[PDB]
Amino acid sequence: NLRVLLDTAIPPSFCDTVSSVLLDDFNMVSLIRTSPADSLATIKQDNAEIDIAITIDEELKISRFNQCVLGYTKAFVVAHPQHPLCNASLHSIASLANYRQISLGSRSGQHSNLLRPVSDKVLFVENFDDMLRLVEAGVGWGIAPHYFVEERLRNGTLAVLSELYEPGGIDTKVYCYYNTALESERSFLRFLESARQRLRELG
């Protein structure tokens, strides 16, 4: 039995990519979704017995776990089209610190440099859905994966503020944290090679 953790920042496009591949090699495969805020918090619980985690969160070294990079993915800062900062000026991009952020909360109550909120007016949520509800209602700005915001952005229900900070949206690394047990196993290298391909082509 193999247990695999994918945070909700990973497109579910991808979540198909591993399933075919991993099950070529392995017999039981459990897929588990967490908040990116909870990805690393979870694997560190010995009892949770996670073997692989696909997460955007970065941490320098973790016990009993090697890191590597499967690929990259875009994220956008989004707000209500009529949000004060809709004018999207480099002045407005410094002012994020001043307007209310809808940030992802974490059970541990603790956040990495990566996912820690930026503004002091913060309101926490469990998933990117509650995030965008509140953002669609002009209650704040928030930073969400492409696949969540592509729908609403074409629909005009939502606006991007992040395009002068990083044109193209914000590339984020997708990390593979894997139990050291796996490094030698031809099983893993197979999955890794396949995994990288689909996130590439999914770009």
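So that there is no doubt, residue numbering starts at 1 and follows the sequence shown.
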**Report entry** Higher-scoring stretch by recorded Cα B factor average, 182 to 190 or 6 to 14
**Finding:** 182 to 190
**Report entry** Most elevated Cα B-factor in the entry, residues 47, 172, 34, 55
**Finding:** 47
Query raised in the report: Looking at the C-alpha B-factor of residue 108, is it in the lowest, middle or highest third of its chain?
Result: middle
Report summary line: Of the three thirds of the chain ranked by Cα temperature factor, residue 162 occupies the middle
Report task. Would you check the entry's CA temperature factor for residue 141 and let me know if it's in the chain's lowest, middle or highest third? Result -> middle
Report task. Determine, from the deposited record, the chain-internal third of the Cα B-factor for residue 30: lowest, middle or highest. Result -> middle
Query raised in the report: Ranked by Cα temperature factor within the chain, is residue 62 in the lowest third, the middle third or the highest third?
Result: highest
